[PDB]
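There is one chain below, alone, in structure tokens, taken in the form deposited in one PDB entry.
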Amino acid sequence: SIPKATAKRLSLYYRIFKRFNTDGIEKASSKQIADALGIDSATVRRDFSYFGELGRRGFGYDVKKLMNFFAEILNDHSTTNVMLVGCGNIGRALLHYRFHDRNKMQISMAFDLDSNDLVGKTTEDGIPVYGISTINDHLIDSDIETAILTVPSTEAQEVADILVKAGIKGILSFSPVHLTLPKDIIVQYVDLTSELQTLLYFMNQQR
């Protein structure tokens, strides 16, 4: 029963509640949460109504309890292994990123063109790089159902389609291209132009 726009804030509330927990805060008000997130307290309260919590009275939401609620809903106690497709400027950078404090989110497999110089190599942390033509062979017995897509924009749709045929069910795409994929496939876009336009909008509201 959580609305989709509220669900897109789960992971942000999780981050903030872990911080508040680490800071020894027992009860967090809607205004403190809003301020941390850069939204309005009214949106916070409505959102939290879907998490079982009223926010109109009392001293705040129970930090430990909610933190644990977010952890459970985001499946933060189990591991998700993802593949990275396109090991160029941004893809190579992402191989260096620590996605999770407890390694519950990891890149476990990467792909590039069969002829790319990285193909055949393995990272310091044991992520092999394969050719894209081998993807179906590698995904046969695999636990990976999630891909990060960092190919050139001109190639994103074609590679996305390859991924879905291979069994990928969700894609975190960095290309600024709308992907047309089947309805049961989730695509999450990282759009840094849209992030900067947001930022600038808020900067202009402060002036």
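For every residue, the number given is its place in the sequence shown, counted from 1. By rigid core we mean the largest C-alpha set that fits within 1.5 Å across both forms.
Not on display, but discussed next: the form deposited in another entry.
Cα of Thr146 displaced 2 Å or more between this form and the one not shown, core superposed?
Shift at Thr146: below 2 Å after core fit.
Taking the rigid core as the superposition reference, indicate whether the CA of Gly55 shifts 2 angstroms or more between this form and the one not shown.
The answer is yes; the displacement is at least 2 Å.
Direction of Cα pair change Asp47-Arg102 in the other form, magnitude 3 angstroms or more
Note: Cα gap between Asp47 and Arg102 shrinks in the other form.
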